[PDB]
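Contents: one structure, followed by commentary.
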Amino acid sequence: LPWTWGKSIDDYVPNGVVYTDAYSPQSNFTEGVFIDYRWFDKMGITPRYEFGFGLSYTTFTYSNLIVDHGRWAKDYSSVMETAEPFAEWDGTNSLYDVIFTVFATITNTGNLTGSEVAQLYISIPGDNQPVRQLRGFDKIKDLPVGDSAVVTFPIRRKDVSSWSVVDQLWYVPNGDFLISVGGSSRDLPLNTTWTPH
Amino acid sequence: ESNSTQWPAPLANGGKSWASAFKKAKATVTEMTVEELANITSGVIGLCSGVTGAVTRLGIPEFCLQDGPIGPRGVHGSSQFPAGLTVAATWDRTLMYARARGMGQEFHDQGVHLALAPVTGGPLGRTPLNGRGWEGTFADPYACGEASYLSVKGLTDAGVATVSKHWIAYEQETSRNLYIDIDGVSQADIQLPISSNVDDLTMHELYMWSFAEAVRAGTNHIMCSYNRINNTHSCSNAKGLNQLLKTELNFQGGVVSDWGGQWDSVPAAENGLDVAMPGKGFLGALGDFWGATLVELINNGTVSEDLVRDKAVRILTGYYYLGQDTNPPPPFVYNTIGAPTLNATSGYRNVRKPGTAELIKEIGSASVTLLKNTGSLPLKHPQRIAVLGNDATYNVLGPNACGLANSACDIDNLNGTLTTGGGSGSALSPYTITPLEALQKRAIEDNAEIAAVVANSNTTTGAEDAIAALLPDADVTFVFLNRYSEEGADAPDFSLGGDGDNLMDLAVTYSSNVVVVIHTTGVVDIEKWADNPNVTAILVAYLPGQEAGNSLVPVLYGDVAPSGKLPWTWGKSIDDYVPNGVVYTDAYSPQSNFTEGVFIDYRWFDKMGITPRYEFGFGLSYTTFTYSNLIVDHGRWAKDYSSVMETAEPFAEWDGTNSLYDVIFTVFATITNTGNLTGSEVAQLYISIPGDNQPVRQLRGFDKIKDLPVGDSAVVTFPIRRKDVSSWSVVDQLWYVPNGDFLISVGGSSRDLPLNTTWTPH
Amino acid sequence: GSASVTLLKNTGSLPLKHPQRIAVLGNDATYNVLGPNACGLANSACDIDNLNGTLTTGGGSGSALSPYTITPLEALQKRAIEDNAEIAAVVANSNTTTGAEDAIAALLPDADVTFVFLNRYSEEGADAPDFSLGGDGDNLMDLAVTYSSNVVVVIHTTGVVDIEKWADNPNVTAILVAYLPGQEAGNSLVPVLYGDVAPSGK
Ligand SMILES: *[C@@H]1O[C@H](CO)[C@@H](O[C@@H]2O[C@H](CO)[C@@H](O[C@@H]3O[C@H](CO[C@H]4O[C@H](CO)[C@@H](O)[C@H](O[C@H]5O[C@H](CO)[C@@H](O)[C@H](O)[C@@H]5O)[C@@H]4O)[C@@H](O)[C@H](O[C@@H]4O[C@H](CO)[C@@H](O)[C@H](O)[C@@H]4O[C@H]4O[C@H](CO)[C@@H](O)[C@H](O)[C@@H]4O)[C@@H]3O)[C@H](O)[C@H]2NC(C)=O)[C@H](O)[C@H]1NC(C)=O
Ligand SMILES: *[C@@H]1O[C@H](CO)[C@@H](O[C@@H]2O[C@H](CO)[C@@H](O[C@H]3O[C@H](CO)[C@@H](O)[C@H](O[C@H]4O[C@H](CO)[C@@H](O)[C@H](O)[C@@H]4O[C@H]4O[C@H](CO)[C@@H](O)[C@H](O)[C@@H]4O[C@H]4O[C@H](CO)[C@@H](O)[C@H](O)[C@@H]4O)[C@@H]3O)[C@H](O)[C@H]2NC(C)=O)[C@H](O)[C@H]1NC(C)=O
Ligand SMILES: *[C@@H]1O[C@H](CO)[C@@H](O[C@@H]2O[C@H](CO)[C@@H](O[C@@H]3O[C@H](CO)[C@@H](O)[C@H](O)[C@@H]3O)[C@H](O)[C@H]2NC(C)=O)[C@H](O)[C@H]1NC(C)=O
Ligand SMILES: *[C@@H]1O[C@H](CO)[C@@H](O[C@@H]2O[C@H](CO)[C@@H](O)[C@H](O)[C@H]2NC(C)=O)[C@H](O)[C@H]1NC(C)=O
Ligand SMILES: *[C@@H]1O[C@H](CO)[C@@H](O)[C@H](O)[C@H]1NC(C)=O
Ligand SMILES: *[C@@H]1O[C@H](CO)[C@@H](O)[C@H](O)[C@H]1NC(C)=O
Ligand SMILES: *[C@@H]1O[C@H](CO)[C@@H](O)[C@H](O)[C@H]1NC(C)=O
Ligand SMILES: *[C@@H]1O[C@H](CO)[C@@H](O)[C@H](O)[C@H]1NC(C)=O
Ligand SMILES: *[C@@H]1O[C@H](CO)[C@@H](O)[C@H](O)[C@H]1NC(C)=O
């Protein structure tokens with residue numbers, strides 16, 4: 001699923017569609033960033049089918065979560081560049097530089113061949129922050145029974161940053177970032193903590 | 001102090017894309033003891049062609065270095081891909097890449113860390129008799145360059161490090177004289193390797209060109225060749241490895257020796273070599289100049305320890321850049337060395353994926369090149385079909401009977417369809433789809449009869465009579481010819497293999513609708529029959545791999561129009577090519593003077609005013625194309641962003657920001673399908689660079705339009721880089737855009753160029 | 001062909017499932033090297049030692065010309081390709097061809113199944129001298145049982161042949177006689193071997 005499948009419309013962001021005859025109709029986005037699955041996770045509401053859920057005819061076991069801070073790369077391959085300001089900028093630098101890469105292993109532990117969409121989520125620390133934000137996916141094609149495959153998630157500086165309203169720039173916040181990996185937004189067998197400074 | 005070399009070994013720094021991998025490599029190498037440094041830089045015994053020693057204390061595994069440039073060799077459960085020669089003839093960049101990507105998938109899945117592939121301009125094509133010219137692509141620096149870029153890129157994209165080969169001016173097999181020292185008798189006591197004697201302009205403009213592109217694509221490694229250059233071994237040639245390769249091309253990777261390519265311990269260590277292969281493999285018989293000897297050399301002070309650290313850094317950069325530490329390949333399972341050199345069992349693995357057979361077929365259909373057609377092709381629905389030649393059917397001993405290198409069958413054996421050549425760049429085959437099978441299938445769809453004479457027509461009782469009785473009533477007769485050649489020898493002449501001469505003689509005697517198909521490693525002699533009124537069509541299908549019949553037959557019957565074109569020149573005689581193409585001598589120090597300069601293949605033919613039978617870039621379709629509206633857009637330029645790695649090639653126009661590979665203008669032309677059938681067309685662009693002793697024209701563009709319908713038009717486009725319009729100044733030692741009038745030409749071949757215009761720089 | 005091919009021995013190797021490495025022995029598995037009709041208007045003018053391919057009919061006035069032959073090798077390969085398998089045939093004379101014996105010895109040990117195709121041509125105007133197999137049939141069987149323990153034998157023949165040396169060898173897991181199947185030799189046989197249709201002839 002590319003969105004959350006709730007049991008009721010009443011479980012989603014309130015005032016999702018406003019109905020008025022008023023001359024100047026208003027939709028206040030007071031939920032903030034909390035739409036779709038991050039509304040359900042923050043409010044402790046259980047969906048019927050969660051964001052990133054879908055079954056196969058086999059099952060996959062996740063193992064061996066690795067955070068490799070030496071697997072970094074300059075962003076050179078974008079067709080055009082933004083000018084988004086960020087605190088860590090030193091003139092030779094970018095928000096879209098990959099600053100580390102994370103890996104994990106999946107094993108086909110059921111009884112048929114299958115493909116698996118592995119997903120990565122991150123809890124970025126701060127005030128009123130989502131429980132989990134998706135920051136990676138990798139679809140393994142046609143994994144035979146018993147075989148394993150490594151799954152790969154490049155993490156950009158932007159992927160681990162927050163917007164500072166006061167300073168008007170992106171920044172990587174201080175605190176503990178949880179990195180979760182698994183088969184859906186609520187099926188996350190692997191987790192680990194990254195602490196920057 | 002002890003500065004023995006004129007050109008010092010520059011330290012690796014990671015360059016552009018490998019920065020983080022370099023940092024890891026350097027970090028690991030800093031921890032290594034002298035013993036460990038010598039372990040990773042020298043080969044050990046194993047199942048693969050070559051194996052680096054482990055560094056077991058730091059968790060660095062052995063690396064499997066495995067042949068070859070059509071995919072993993074000596075391995076079951078894989079596909080037999082078409083040879084480089086065959087993708088070249090497609091002139092299709094998409095196929096060039098996809099071929100290499102699929103080879104890469106099968107390499108990785110077999111457990112290979114380093115593929116001994118591709119062939120990226122050594123041999124390039126100085127002699128059309130080169131036994132392993134087939135392993136390369138075009139006999140042209142520009143097109144070989146583009147093909148090499150894409151072949152490397154496809155391999156590295158699959159996670160397998162490339163060892164692009166063979167650096168450099170490795171232009172004949174004869175007297176290559178790999179180093180052997182066994183039972184007292186050293187090769188050093190018999191004959192040194194052939195010395196390619198190459199002037200500085202030729203080295204830059206012809207031979208280095210393709211290797212520059214391989215370096216830019218991110219080839220992780222380079223193999224130094226068997227020949228000598230100016231009487232110095234390529235593998236310990238400091239001008240070659242340290243300055244040309246490592247300084248000027250700014251090559252950040254490892255130089256690996258060819259097997260027996262290293263002839264000494266200390267000069268190799270000082271002059272650019274990074275890995276000794278095979279080391280302890282092959283009984284130590286191919287020399288073993290490092291290992292414990294390199295520990296001894298470092299400890300007693302004759303070889304710099306920091307020098308050897310840089311070698312180990314270069315080896316590991318690829319390991320870390322391609323993610324082989326965190327996504328390691330699975331174990332390699334097959335004994336590809338062979339008993340009695342290595343006694344060891346083989347396991348089994350199947351790595352053939354859906355889509356790979358179909359890709360190989362399509363490379364075949366896109367490359368098969370129509371050379372002659374008087375109107376016999378395409379076939380309609382012929383009812384009585386005759387076939388001639390053992391090439392139409394299976395090897396009578398089985399497709400893999402000739403062994404791990406496709407070279408151990410007896411001299412007269414009927415080897416069947418020549419789907420690949422002989423030597424280290426061959427591979428096994430899960431089956432062969434023979435031309436006869438594919439022809440018969442189609443015959444049965446038309447309710448027709450088909451019969452093949454596939455024996456040896458000279459030595460098999462009744463074979464001549466059988467041919468005499470068969471051919472007269474056939475509506476068409478197909479003769480399948482081949483010409484096997486191999487690594488370690490050059491072809492003596494252009495003569496067809498086996499009974500090919502006699503098959504043709506008989507075919508034209510008894511039939512008036514003879515269609516010739518040639519599976520071959522190179523140009524052959526069909527002068528006796530190509531102008532025979534009974535030969536109604538001729539094609540060359542090169543080395544099509546396992547899907548030989550099913551790639552061919554759809555073209556013969558007109559399901560797809562042929563669109564392949566020759567990647568080298570087809571001369572009427574061997575005497576028409578560059579002279580002294582292969583030197584035969586018993587002299588202790590054999591010499592090959594490259595006095596022809598840049599003038600090889602079509603550039604020789606053009607310069608000397610010799611007309612080939614079929615020119616470079618020639619191939620017929622079942623329709624015709626008309627060229628129009630030549631445009632040169634000096635407004636359409638672009639900075640070069642998209643290379644994986646960067647060279648340090650000096651050039652006069654350098655301003656601190658720009659590059660040799662920026663596109664400075666783009667050229668366009670329009671083709672119109674001007675016949676009665678849909679057809680694809682390879683458009684080609686040639687430039688006459690002004691100057692003294694300059695080629696008449698040099699290929700600088702190609703663009704293949706696919707399936708252009710009758711009466712429709714397409715725009716064909718040709719980006720031109722600064723390098724594409726430059727020359728090497730020997731005096732100033734840099735590239736520059738010369739002054740004068742440049743002729744830019746566009747058309748369907750090197751000698752069919754309806755569009756021309758002039759560009760004058762300032 | 002599919003209604004006539006007669007299963008004489010089965011130790012449990014047949015029907016085949018999806019074998020991944022397949023070896024094939026015998027010139028009978030492929031074409032007449034001079035063409036299906038090379039032996040003339042009565043299928044009897046080929047040289048005594050000529051490799052006549054699949055014996056699809058007998059010699060003499062009872063013969064007939066053939067528009068093609070669907071060889072056993074062609075049909076087996078088609079099915080091997082459907083199973084993503086590999087397949088190799090040694091189809092030369094195993095006694096007189098250089099390296100043929102060594103190719104067989106190197107191929108067979110790793111094969112999941114080894115098919116041996118044998119024949120025995122006979123003709124109008126002479127009786128067979130004995131039950132012995134034609135061409136190199138005896139030698140093919142000696143080599144096959146030496147190097148493989150899953151040998152499936154298929155016999156194309158005009159009559160009874162002598163298989164006493166190998167009929168009770170447990171390396172021979174199945175024996176079938178296919179008589180003279182005419183033009184559709186291979187495509188009648190393979191569906192029986194792979195169990196799309198149970199053998200039914202007697
Ligand atoms: C195998 O052997 C061949 C044959 O020996 C090797 O070729 C030689 O490579 C050398 C470099 O490695 C080349 O050296 C340069 O020579 C320049 C002068 O060249 C002329 O002089 C000689 C006179 O005897 C002559 O051979 C040349 O003739 C050839 O070229 C012309 C022009 O195309 C042709 O018409 C002829 O038919 C011949 O083909 C020339 O006429 C020389 O100026 C150059 O300059 C130096 O460069 C070095 C390195 O950077 C530097 O240390 C020096 O300071 C100097 O550069 C300075 O001057 C320039 C401006 O003038 C400036 O830009 C710099 O910054 C700096 O201030 C260099 O010495 C040699 O010509 C070449 N020979 C031939 C015949 O090709 C080949 O490399 C060998 N291969 C291997 C793998 O070992
Ligand atoms: C089916 O597939 C089979 C393989 O699976 C094919 O069989 C192979 O076929 C090739 C040729 O098609 C055949 O090639 C070699 O045959 C003999 C084998 O021992 C060699 O003589 C040949 O090599 C010489 O000749 C070449 C051309 O003349 C030459 O390029 C090569 O370098 C070599 O010449 C040197 O040797 C001579 C000394 O006797 C000198 O006169 C000559 O000048 C050269 O000298 C150099 O090297 C010498 C070292 O020996 C040295 O003394 C001297 O100083 C100098 O440095 C040729 O390659 C294979 O052998 C054959 N394989 C087998 C197993 O038989 C088969 O053809 C195919 N079928 C069909 C129908 O095509
Ligand atoms: C120098 O290189 C040699 C050859 O690579 C090293 O020896 C080899 O060390 C490897 C470990 O890296 C051994 O392989 C291992 O075998 C075990 C089972 O015993 C298996 O569980 C592992 O997965 C791995 O495959 C190998 O046996 C051994 N080979 C030989 C011939 O001794 C040597 O250690 C290296 N020296 C240094 C100082 O690093
Ligand atoms: C292939 O067929 C030919 C005939 O077309 C066979 O040759 C004949 O064999 C008989 C014995 O059965 C001889 O008495 C004849 O004289 C042979 N005829 C000729 C013209 O030589 C041949 O034996 C067959 N090949 C094989 C391998 O069995
Ligand atoms: C939206 O926000 C403003 C204050 O920013 C508030 O006064 C207003 O009543 C809100 N409108 C609705 C429809 O909730
Ligand atoms: C150093 O050791 C090597 C090989 O053991 C030897 O060839 C060389 O001569 C030695 N150097 C000295 C100074 O002994
Ligand atoms: C062409 O074929 C006919 C028989 O079809 C033959 O008589 C004639 O001599 C042949 N011509 C040449 C030049 O081969
Ligand atoms: C190669 O060139 C030199 C001159 O540079 C010449 O003297 C030598 O004899 C040439 N070699 C041959 C084999 O002609
Ligand atoms: C059966 O085959 C095996 C090899 O697979 C061989 O060792 C054995 O001798 C053979 N036995 C007979 C009785 O032929």
Side-chain angles (χ1 to χ4, degrees), chain B residues 4-5 9 12 25 28-29 32-46 48-58 60-65 113-114 116 163 166-167 178-182 186-188 193 221-226 232-238 240-242 245-246 253-319:
Chain B
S4 295
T5 63
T28 296
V29 170
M32 290 189 194
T33 64
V34 168
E35 199 200 355
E36 289 169 339
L37 290 172
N39 228 41
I40 197 166
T41 49
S42 188
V44 306
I45 296 168
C48 305
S49 313
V51 184
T52 54
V55 190
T56 116
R57 193 182 114 273
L58 302 177
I60 308 287
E62 286 176 359
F63 304 161
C64 174
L65 330 205
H113 298 248
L114 274 65
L116 307 177
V163 189
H166 310 79
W167 174 279
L178 61 93
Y179 187 81
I180 318 103
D181 177 33
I182 200 77
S186 191
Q187 180 64 218
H221 304 294
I222 290 275
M223 187 174 295
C224 53
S225 60
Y226 284 136
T232 300
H233 302 285
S234 187
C235 293
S236 47
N237 193 310
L241 302 173
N242 285 344
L245 181 55
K246 286 174 177 190
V255 177
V256 178
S257 75
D258 204 331
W259 275 217
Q262 187 189 6
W263 280 69
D264 52 45
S265 305
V266 179
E270 295 172 344
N271 299 346
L273 184 65
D274 300 299
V275 195
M277 288 287 153
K280 303 280 151 197
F282 290 80
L283 319 170
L286 308 189
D288 186 19
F289 288 106
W290 285 2
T293 307
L294 188 61
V295 173
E296 287 150 30
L297 290 162
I298 294 160
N299 283 335
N300 75 19
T302 72
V303 169
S304 165
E305 190 175 325
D306 286 348
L307 259 269
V308 185
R309 287 184 187 286
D310 192 71
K311 303 180 192 308
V313 170
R314 285 161 175 282
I315 292 160
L316 263 19
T317 299
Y319 181 71

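Note: hydrogens, waters and symmetry copies are ignored here, and every other heavy atom, side chains too, is used. Residue numbering restarts at 1 for every chain, and letters A, B, ... go by the order of the sequence lines.
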Which pair of heavy atoms, one from [X] and one from [Y], lies closest together, and at what distance?
| X | Y | result |
| --- | --- | --- |
| B/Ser234 | B/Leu241 | O-CD1, 3.5 Å |
| B/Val163 | B/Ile222 | CG1-C, 4.0 Å |
| B/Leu273 | B/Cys224 | CD1-SG, 3.8 Å |
| B/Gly272 | B/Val255 | O-CB, 3.7 Å |
| B/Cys235 | B/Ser225 | SG-O, 3.6 Å |
| B/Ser4 | B/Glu270 | CB-OE1, 3.9 Å |

Original post:
Is there side-chain contact between B/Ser42 and B/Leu294, with at least one heavy-atom pair below 4.5 Å?
Top reply: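 No. Closest side-chain heavy atoms not under 4.5 Å.
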Listed partners of [X] passing side-chain hydrogen bond (donor to acceptor under 3.5 Å, both in side chains), at least two apart:
| X | answer |
| --- | --- |
| B/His221 | none |
| B/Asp181 | none |
| B/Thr41 | none |
| B/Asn39 | none |

Can you sort out the partners of [X] under side-chain contact (heavy atoms from CB on, under 4.5 Å), two or more places apart, ordered by chain and number?
| X | answer |
| --- | --- |
| B/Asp306 | B/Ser304, B/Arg309 |
| B/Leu58 | B/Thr28, B/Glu31, B/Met32, B/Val55, B/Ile60 |
| B/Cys48 | B/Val51, B/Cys64, B/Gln66, B/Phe332 |
| B/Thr33 | B/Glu35, B/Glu36 |

Output the distance between atom [atom1] ([X]) and atom [atom2] ([Y]), rounded to the nearest 0.5 Å.
| X | Y | atom1 | atom2 | result |
| --- | --- | --- | --- | --- |
| B/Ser257 | B/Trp263 | OG | CH2 | 13.0 Å |
| B/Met277 | B/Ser49 | CE | OG | 10.0 Å |
| B/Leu297 | B/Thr302 | CG | OG1 | 4.0 Å |
| B/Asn271 | B/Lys246 | CG | NZ | 10.0 Å |
| B/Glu62 | B/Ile40 | CD | CD1 | 11.0 Å |
| B/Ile180 | B/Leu178 | CD1 | CG | 4.5 Å |

**OP:** Give a yes or no on whether the backbone of B/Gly281 and the side-chain of B/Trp259 come within a donor-acceptor separation of less than 3.5 Å.
**Re:**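 Between the backbone of B/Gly281 and the side chain of B/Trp259 there is no qualifying donor-acceptor contact (under 3.5 Å).
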Subject >> Expected output: side-chain B/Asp310 to main-chain B/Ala12 donor-acceptor under 3.5 Å >> reply: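 Flag set: sc B/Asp310 to bb B/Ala12 pair under 3.5 Å.
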Original post:
What pairs meet the ring-ring contact (aromatic ring centres under 6.0 Å, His included) rule with one or both residues in residues 286-308 of chain B, with sequence neighbours excluded?
Top reply: B/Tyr179-B/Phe289
**OP:** With sequence neighbours excluded, tell me which residues meet salt bridge (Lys or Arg N to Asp or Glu O under 4.0 Å) with B/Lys311.
**Re:**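 Residues passing salt bridge (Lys or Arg N to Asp or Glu O under 4.0 Å) with B/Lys311: none at all.
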**OP:** Output every pair passing salt bridge (charged side-chain N to carboxylate O under 4.0 Å, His left out) with a member in residues 282-296 of chain B, not counting sequence neighbours, ordered by first then second residue.
**Re:** B/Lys280-B/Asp288
Original post:
Can you pull the salt bridge (charged side-chain N to carboxylate O under 4.0 Å, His left out) pairs that have at least one residue in residues 255-268 of chain B, sequence neighbours excluded?
Top reply: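 Applying salt bridge (charged side-chain N to carboxylate O under 4.0 Å, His left out) to every pair that reaches into residues 255-268 of chain B, excluding sequence neighbours, yields nothing.
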